[PDB]
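Naming follows writing order (A, B, C and D), and every chain is counted from residue 1.
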Amino acid sequence: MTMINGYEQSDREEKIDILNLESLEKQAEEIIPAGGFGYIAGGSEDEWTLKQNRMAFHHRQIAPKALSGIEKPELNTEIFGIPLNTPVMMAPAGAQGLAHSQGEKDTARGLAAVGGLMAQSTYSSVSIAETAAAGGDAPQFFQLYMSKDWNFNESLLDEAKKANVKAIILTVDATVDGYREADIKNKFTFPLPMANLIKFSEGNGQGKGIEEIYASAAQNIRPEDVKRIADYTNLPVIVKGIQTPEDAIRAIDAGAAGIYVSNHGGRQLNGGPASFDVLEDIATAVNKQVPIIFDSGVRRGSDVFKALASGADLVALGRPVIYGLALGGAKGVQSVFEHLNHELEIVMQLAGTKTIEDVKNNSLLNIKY
Amino acid sequence: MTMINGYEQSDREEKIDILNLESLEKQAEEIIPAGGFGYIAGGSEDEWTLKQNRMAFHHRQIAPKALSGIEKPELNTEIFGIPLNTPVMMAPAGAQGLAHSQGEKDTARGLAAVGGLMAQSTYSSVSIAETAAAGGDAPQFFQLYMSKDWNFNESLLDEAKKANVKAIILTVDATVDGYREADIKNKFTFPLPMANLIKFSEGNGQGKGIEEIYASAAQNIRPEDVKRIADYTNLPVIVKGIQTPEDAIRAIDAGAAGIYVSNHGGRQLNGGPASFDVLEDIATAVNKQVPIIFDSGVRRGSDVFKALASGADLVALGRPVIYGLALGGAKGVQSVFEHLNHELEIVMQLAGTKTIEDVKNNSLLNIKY
Amino acid sequence: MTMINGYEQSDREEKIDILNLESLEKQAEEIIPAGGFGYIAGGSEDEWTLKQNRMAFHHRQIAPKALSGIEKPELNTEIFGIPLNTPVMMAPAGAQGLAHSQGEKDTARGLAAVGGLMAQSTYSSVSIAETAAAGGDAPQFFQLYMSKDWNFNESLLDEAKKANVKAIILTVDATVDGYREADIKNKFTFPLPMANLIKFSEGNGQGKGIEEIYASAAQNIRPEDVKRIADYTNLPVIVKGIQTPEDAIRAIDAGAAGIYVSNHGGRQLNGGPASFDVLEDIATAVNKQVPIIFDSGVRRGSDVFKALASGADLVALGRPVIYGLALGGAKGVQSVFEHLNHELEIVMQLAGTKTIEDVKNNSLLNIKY
Amino acid sequence: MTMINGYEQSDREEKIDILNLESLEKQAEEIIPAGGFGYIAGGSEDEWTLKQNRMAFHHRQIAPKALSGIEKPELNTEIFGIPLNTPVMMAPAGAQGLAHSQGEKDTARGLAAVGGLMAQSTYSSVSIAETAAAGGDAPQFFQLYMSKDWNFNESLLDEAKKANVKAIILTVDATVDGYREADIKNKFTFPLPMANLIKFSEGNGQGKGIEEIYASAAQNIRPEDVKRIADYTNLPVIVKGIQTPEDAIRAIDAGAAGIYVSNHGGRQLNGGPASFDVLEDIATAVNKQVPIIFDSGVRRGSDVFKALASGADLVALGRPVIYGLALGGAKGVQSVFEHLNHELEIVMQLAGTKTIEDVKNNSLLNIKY
């Protein structure tokens, strides 16, 4: 309905009927142009890690609780003193303009509607200021792709601070792009503007070209960069892409106020483990000294419960939210979170867990299947 | 042949040719309306637990016994001093009217014909009194879905006592319904009356609406509820839905006279383990202090043998009996139990086990496949 | 080409081109009538054990030997002082008339041609005397299905002794038939005469009916029956169907001069382990005090090598030989043994094993796949 | 485009677009005659080992490294003081004339273009002198199939020394050919000349027939043969086909200056383990006393990284290079190495490994999938 550089964007704004989150992919495939769809759906190399992100949830099982003496489970929780209606949040994803003309503005509205946490992205088709304006008083985190150019870093961080963002997510697992075959097969050219890079170019970036700003992304990321971002913003800094206990501890020693356990939805180091399979050992080393956010493969209520029980404080979604955004805009995003909340409330009742803390204190079984 | 609220019910009354119990599903799918069929066949979320209920029987193997010195195995056993011709019994299932116009009356007749134990259900399309009348002197258990309304609980328990039921099964693993996609895809409305709720409404329920009685089902179930039902009936109370050793012991401490190991045929907490995979550890903690009933996934003689050898005293069937009920009414149900008895007698002879006690004392192998 | 009771039998007599033994099944399926084919190919219940008989060979691996200093491996071996050109032998199979009009006479000729050991069966379509006459001076074992009628047992054993048989195989794992669905689906009636039962009827059986003789098969088999057959024949008695170390030792204590590790090609106790998976523990308890024969699932050279390396002295084939018999009679059987010998000689060269003893002393790897 | 003995050879000379190395097989299948294609693609028996060569890379996982402080990974390495731009090399393969009229001359050019190590083969369609002339100053190893005729061995070794080859690869795992069904199904006759055997016949072989020279290949290979080749050439001798730690140590004790861990691409001892599954235990026994070369199943960047991290110094490719040779000659071979280098550089950046030594010192995870 909206065209940008030859690419068709959804303008839909409606509640959507959701059977489950996995089925949103084939539904969204009918309306997202083939190149954009492949960009969103695909992982790196032969997609082994992407597939294992789903299958790894079967490595642990939830015990049904008999005679639990609870009813009406509550999804409410908190991070950094911010109250949330649900522990399910939006993973930062820079390609939401591939799904919808409103991009992260509609995603921001959907998260605000369910009282969930929104993460806005460096490469968004819409500006930090626009996305925060769309969300109103709803809490937002800002995901930074750090540049070699500290003028770029400080300009985007100042824009995030002006937009009242509550934390910075430093993404460190994409210093180069994974080898994604879908984009090669589709001969796909990313067709969207990058509103934050355009704004920097027009402001403190003194007219520097967009391709030059893009190419300035840092491949060399050190612990001292974490402390520098923390000192500059006086916001909590969360390191995203952690897949080992040792890296969690190095991040906390470098000044991180949070650990985001992620393999980038299996789009980066193919042949790395399923994200779920390293969560518990990471959480054991962290020992609750900072909040943990988990993503990569979460689709069912049982998956969310298992991630919380294995040491996550919040659980993020990427692809299912992008598909819901294409299918129904702001109300489409709302529908995805409401659907997953419903599947989680059922599991919590059957597992005897009244609150999100009770889920976190739940002991999963470990039979081999 | 019979229509109720637009829904077609079987009136068949015939012996059926059974290749195996798994094949009854595709046979019954030709005659049960699509919505009713999906309601019966389906499990929760992605049906992982439902599938594992079948595959988990491969986690243990039966040793053939050479030079066993036995012939003509005997299927006879006992629970609470009640003699039975077979250790295979009917799992309580509230939806038998979806298969057949006689519902649990035909099931009661089939179980009486093989000298097996019948369990009648709270939500049956036919009354406690009718089902007990159909069974004649055959032993029956009554499955209770406990209400917040103790007038409802005491009325149904009094009706069960008047019908000479020998034990109460308290089902505790369905305080909310699992998320079952088949009913969403089929847009299925349960079309049957609930004869026990209608009777309560007309009697001690003083005209209270059916939907209001239904909605009064307790989500908060505590150990003290078990003792209260035991004190009120002076019958043995069996807790159904136990999937952990700790919950077995809590149930016995609360006054349970039996443990029913079940995950509700994978219809409830999807992402929970296969029922077979927790049976042996539950039976080790119970240490024969009360009888154990096992269900969820039982289809072959080898499955029944493995459940008895892993600590079950009785093994229940759900779906295969519902399918046989659709296909042949009372004689259809009889055919299902006779078929599974035949497969079990073959295994017992080849395994060198003369009696059901010998099966229970059998040591299964544990190679990994 | 030959008709018996409506059933078409092969009369083929030719060398056959063999890609591998597994492919003989689809080749033979083109020429064996559907009912006979299903009788041969099928296993019991859902054929899990039958399938695992094949897959279990992957549980161990053969190390290639570098710098082995050997060439021209030799397949020669010995049992009870009988010289054999190959450790691959014929498993006793009572249904060879379903494949070919000559039945075990052609099988006897094929085994004689490769210098292999033939086992003739109780229920053969052709007599003990005819099969031994067909084999000439080639060594034969006789497989007994023990009757309750010791007049029957002693008559067949006397006939076996007159035919110069070198050992008795007592089959003990088929006291009842496994539940085989193929025969139910095909509505298959065994159409062949049982030449040994007819001969008994005409001789010491004093005209007793064939069905009555057949029905006299013993379901109660005790250790004292083994010693009785040994005392009566003064031949070595091998117990067939052993799947546990304890049963191997009980058989040796009862007077057995050999152990035949078998699950009857997955036709009997479905839900029992793969035959290969219990071989090594049985061989560890036997500790070479008597020869071990292994069968059930052997198709490739690597399978034969792995069975010998895991404690077998001889490895038997059932189904592949029956299929080769249908396809080419005596030369068809010869072709099957020559093909498997060729695959084994290649493995022995690459594994650095000069003789069959070197294979038996080989240490298999145990990586998990 | 070129015909030899009825067989069509590629004459292509072009850069090729590569999605991944696995997809080269179906691309090359469109242009290689069916018999030649089956000869290249196939393994022995049922191809279990061939399949496991691929699946075994999933037995270990690469940890993404957060805050790694590196960029621009370097692929440079060294063997025997020879500088290489990449640790990926050409496995010796005697059938390159089945892909292309230039055979190993084009392969030699492709390896020279990426600064990689070429291995020329005994049975090549082109001579040792021609292949070395094609490669210019690029380093080459010569793979020997040892004869019983030491006049043959010394003539080819003298030709290799004259061609400035830097090491001898003694292949010891093909003393007989594996049973390869593709050649049986295709009725395939190897149609190419063997230029090295023809040259020997015309020179020191004094007119001896090609079939007679071919048939003189040694099946009996001893440790003293390794020392004899080392003494005669004064070159490092690498033993190829090692699959056990014990055989690695026996090879080093016999005078080997290198170990080449290989199962010949699953073409030899089917039922042997996946090559990757024995690499680490071999490397633990070798303890860096000599270089290790690894092959069999390598297709992705993650595979190369995992082999280096598990104790390989160099990683060889067979089939993918043969397919690239068919598709684009010298530039086709170049394209295959450039593609795999690109996938490896991405993994090294995401894993935090600056150099090939850093990859070798990387600790892989070992979760079970």
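The rule is short, and it goes like this: a contact is a pair of C-beta atoms (placed from the backbone, for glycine too) under 8 Å apart; a residue touches a chain by one contact, two chains touch by 3 or more.
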Distance between chain centroids, defined by C-alpha means - chain A, chain C (Å): 61
Inter-chain centre distance, chain A versus chain D - centres from mean C-alpha coordinates, in Å: 43
Multi-partner residues of chain A (at least 2 other chains): 368
Chain-level touch network, classified as line, ring, star, complete or other: ring
In contact (per the touch rule at the top): chain pairs: A-B, A-D, B-C, C-D
Interfacial residue positions of chain C with respect to chain D in the complex: 19-20, 22, 57-58, 61-72, 300-303, 305-306, 342-343, 345-347, 349-351, 365, 367-369
Chain A residues within the chain D interface of the complex: 44-46, 48, 52, 55, 172-173, 175-179, 181, 184-185, 219-223, 225-226, 239, 241-244, 247, 250-251, 254, 263, 268-274, 277-278, 368
